[PDB]
Structures are given as C-alpha cells and as structure tokens.
Amino acid sequence: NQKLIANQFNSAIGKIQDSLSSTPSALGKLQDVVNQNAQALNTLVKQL
Amino acid sequence: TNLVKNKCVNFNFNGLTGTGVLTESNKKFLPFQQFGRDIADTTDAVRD
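Top to bottom, those sequences are chains F and C. Note that the first sequence covers residues 919 to 966 in the authors' numbering. Note that the second sequence covers residues 531 to 578 in the authors' numbering.
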C-alpha cells in the first residue's frame, strides 16, 4: 500500500499550512509569552 | 544661552532641567502645546 500511504501523507502535510493560517489562535501559546513580557515591562515603566 | 544641537547637553528650559541630546523635531506640535511627554513623566520634546 506504498502508493496509498504516500498520498495520504502528502495530503496531510498540505492541510498543515491551511490549518495554521485559518486558525488565528493556532500560535496563541507562543503569542501569550510575548504579551506577558511586554505587559510586565510596560507596568514597570508606568510606575515611574 | 545659545541653543546647542546634536550633542549631549545639560538643558534648563523655563525652569525645567534635564540632560539629553537635542535634535530638531518633526513633531507637528499644536500651537497651544508647550511640552511633549512620553509614558514616563520625562519630557520627550520641548518648545524653545
């Protein structure tokens, strides 16, 4: 079933690109880290 | 005293004291406006 398996694999990879793009919250985990650091730094500056 | 620009200078403007480089500002300062301030209380821009 080599041929079948190869097609299935290729199809799945193709969806990956679409998935990340469509779902805005896909990389939310990474984004959260960025926001928290920025948020903290703003507060420090504000305190002055 | 004569204005100095593009060099670190200690400046006293109308009773406001700060040490910073002075450069020409492209800010569209409104006429009524005299000082421009950043998030911090420090004055980002000053009118001669």
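Beta carbons: idealized from backbone N, C-alpha and C, even for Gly.
Whose C-alpha, out of the options, is nearest the C-alpha of residue i?
{"i": "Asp574(C)", "options": "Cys538(C), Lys535(C), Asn532(C) and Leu552(C)", "result": "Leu552(C)"}
{"i": "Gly545(C)", "options": "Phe565(C), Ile569(C) and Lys557(C)", "result": "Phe565(C)"}
{"i": "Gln965(F)", "options": "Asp571(C), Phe541(C) and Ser555(C)", "result": "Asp571(C)"}
{"i": "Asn542(C)", "options": "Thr531(C), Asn536(C) and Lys535(C)", "result": "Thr531(C)"}
{"i": "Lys557(C)", "options": "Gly548(C), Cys538(C), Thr549(C) and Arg567(C)", "result": "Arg567(C)"}
{"i": "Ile569(C)", "options": "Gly946(F), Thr961(F) and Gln954(F)", "result": "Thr961(F)"}
How far does the alpha helix (DSSP H) with residue i in it reach, from first residue to last?
{"i": "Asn955(F)", "result": "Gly946 to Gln965"}
What span of residues does the beta strand (DSSP E) with residue i cover, start to end?
{"i": "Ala924(F)", "result": "That residue, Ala924(F), is in no beta strand (DSSP E); its alpha helix (DSSP H) goes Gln920 to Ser940."}
{"i": "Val539(C)", "result": "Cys538 to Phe543"}
{"i": "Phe559(C)", "result": "Run containing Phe559(C): none; DSSP gives neither H nor E here."}
Name the residues in the segment 942-966 of chain F whose C-beta lies less than 8 Å from a C-beta of chain C; which are they? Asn960, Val963, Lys964 and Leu966
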